[PDB]
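Colleague: Take a look at this one; I'll ask things after.
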Amino acid sequence: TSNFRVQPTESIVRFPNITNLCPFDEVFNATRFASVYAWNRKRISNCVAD
Amino acid sequence: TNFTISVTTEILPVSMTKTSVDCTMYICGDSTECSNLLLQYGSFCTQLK
Ligand SMILES: *[C@@H]1O[C@H](CO)[C@@H](O[C@@H]2O[C@H](CO)[C@@H](O)[C@H](O)[C@H]2NC(C)=O)[C@H](O)[C@H]1NC(C)=O
Ligand SMILES: *[C@@H]1O[C@H](CO)[C@@H](O[C@@H]2O[C@H](CO)[C@@H](O)[C@H](O)[C@H]2NC(C)=O)[C@H](O)[C@H]1NC(C)=O
């Protein structure tokens, strides 16, 4: 008459460690900053962002 | 003048393994959209079963 299929009770998800520890505190919190005409371009890569 | 009694084999198949297929589980499982898309094809599942 039908088929019997037990349903999962909950869901889990796994993912790797957050390494490289992406530097956002040197850019957002620095002692000195550049000027509006001579702004410094900062690139963040090779790291999973938080 | 002389006779020889010999035995020969003859192998005949009788049955293969009986099969029962889960229809809507094999098509696509765990999706309500699968139900709403498969119940509108009429009977291409009950016929196979
Ligand atoms: C990724 O995180 C997990 C969870 O902490 C790490 O697994 C254990 O972490 C503790 C805490 O540092 C260590 O004391 C254990 O030795 C770790 N287990 C093992 C088997 O090493 C896991 O090591 C982390 N992955 C890394 C650091 O690459
Ligand atoms: C018919 O053939 C059988 C063998 O196919 C003969 O039986 C053999 O007879 C000899 C001598 O009588 C024996 O040394 C063998 O041991 C027998 N073999 C077997 C398997 O029994 C038999 O003699 C033949 N009959 C006639 C009338 O020629």
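Please note that chains go A, B, ... in the order of the structure tokens, that every chain numbers its residues from 1, and that ligands are numbered from 1 in the order shown.
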Can you work out which residues from chain B touch chain A at a cut-off of 10 Å (counting only C-alpha atoms) and hand them back as a list in words?
Modeller: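 Output check: residues 21, 22, 23, 24, 25 and 30 of chain B.
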Colleague: For the residues selected in the previous step, produce a file with C-alpha atoms as an mmCIF file, in the first residue's frame.
Modeller:
data_model
loop_
_atom_site.group_PDB
_atom_site.id
_atom_site.type_symbol
_atom_site.label_atom_id
_atom_site.label_comp_id
_atom_site.auth_asym_id
_atom_site.auth_seq_id
_atom_site.Cartn_x
_atom_site.Cartn_y
_atom_site.Cartn_z
ATOM 1 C CA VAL B 21 11.287 -0.358 -6.276
ATOM 2 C CA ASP B 22 10.358 2.644 -4.145
ATOM 3 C CA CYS B 23 8.886 4.956 -6.766
ATOM 4 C CA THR B 24 8.670 8.456 -5.285
ATOM 5 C CA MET B 25 11.712 7.809 -3.095
ATOM 6 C CA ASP B 30 12.380 14.511 0.892
#
Colleague: With the cut-off set at 12 Å and counting only C-alpha atoms and all ligand atoms, tabulate each residue of chain B with an atom at most that distance from an atom of ligand 2, showing the nearest atom pair and its distance in Å to one decimal, ordered by chain and increasing number, as a Markdown table.
Modeller:
| residue | atom | partner | partner_atom_place_in_ligand_line | distance |
| --- | --- | --- | --- | --- |
| B:1 | CA | ligand 2 | 27 (C) | 6.7 |
| B:2 | CA | ligand 2 | 1 (C) | 4.9 |
| B:3 | CA | ligand 2 | 1 (C) | 6.5 |
| B:4 | CA | ligand 2 | 5 (O) | 6.1 |
| B:5 | CA | ligand 2 | 5 (O) | 9.0 |
| B:6 | CA | ligand 2 | 5 (O) | 10.7 |
Colleague: At a cut-off of 9 Å and counting only C-alpha atoms and all ligand atoms, what residues surround ligand 1? Please answer as JSON, numbers by chain.
Modeller: {"A": [16, 17, 18, 19]}
Colleague: Write a file of the selected residues as a compact mmCIF listing (two decimals), in the first residue's frame, keeping N, CA and C atoms.
Modeller:
# COMPACT_ATOMS: atom_id res chain seq x y z
N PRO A 16 35.09 23.88 8.51
CA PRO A 16 36.44 23.94 9.08
C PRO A 16 36.66 25.08 10.06
N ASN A 17 37.85 25.10 10.66
CA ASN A 17 38.22 26.13 11.62
C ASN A 17 38.30 27.49 10.94
N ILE A 18 38.07 28.56 11.69
CA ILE A 18 38.24 29.89 11.11
C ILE A 18 39.68 30.33 11.33
N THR A 19 40.56 30.01 10.39
CA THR A 19 41.98 30.32 10.56
C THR A 19 42.39 31.66 9.95
Colleague: Interatomic distance between atom CA of residue 13 of chain A and atom CA of residue 46 of chain A?
Modeller: 23.4 Å
Colleague: Could you list, as a list in words, every residue within 12 Å of residue 27 of chain B, counting only C-alpha atoms and ignoring same-chain residues fewer than 6 positions away?
Modeller: residues 21, 33, 34, 35, 37, 38, 44 and 45 of chain B
Colleague: Just write the chosen residues, N, CA, C and O atoms, as a short mmCIF file (atom, residue, chain, number, x, y, z; two decimals), in the first residue's frame.
Modeller:
data_model
loop_
_atom_site.label_atom_id
_atom_site.label_comp_id
_atom_site.auth_asym_id
_atom_site.auth_seq_id
_atom_site.Cartn_x
_atom_site.Cartn_y
_atom_site.Cartn_z
N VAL B 21 10.61 -1.65 -6.24
CA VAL B 21 11.29 -0.36 -6.28
C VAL B 21 10.41 0.68 -5.59
O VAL B 21 9.19 0.72 -5.79
N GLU B 33 7.95 19.70 -3.22
CA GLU B 33 7.86 20.06 -4.64
C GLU B 33 7.90 18.82 -5.53
O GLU B 33 7.25 18.80 -6.58
N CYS B 34 8.63 17.79 -5.11
CA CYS B 34 8.58 16.51 -5.82
C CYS B 34 7.19 15.91 -5.80
O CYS B 34 6.73 15.37 -6.80
N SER B 35 6.50 15.99 -4.65
CA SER B 35 5.13 15.50 -4.58
C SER B 35 4.20 16.30 -5.49
O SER B 35 3.41 15.72 -6.24
N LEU B 37 4.94 17.96 -8.11
CA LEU B 37 5.29 17.79 -9.51
C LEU B 37 5.06 16.37 -10.02
O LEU B 37 4.88 16.18 -11.23
N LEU B 38 5.06 15.37 -9.13
CA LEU B 38 4.84 13.99 -9.53
C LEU B 38 3.38 13.57 -9.48
O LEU B 38 2.97 12.72 -10.27
N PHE B 44 2.13 7.44 -13.85
CA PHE B 44 3.36 6.83 -14.35
C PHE B 44 4.13 6.14 -13.24
O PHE B 44 5.28 5.75 -13.44
N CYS B 45 3.52 5.98 -12.07
CA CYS B 45 4.11 5.38 -10.89
C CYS B 45 3.35 4.15 -10.41
O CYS B 45 3.97 3.10 -10.16
#
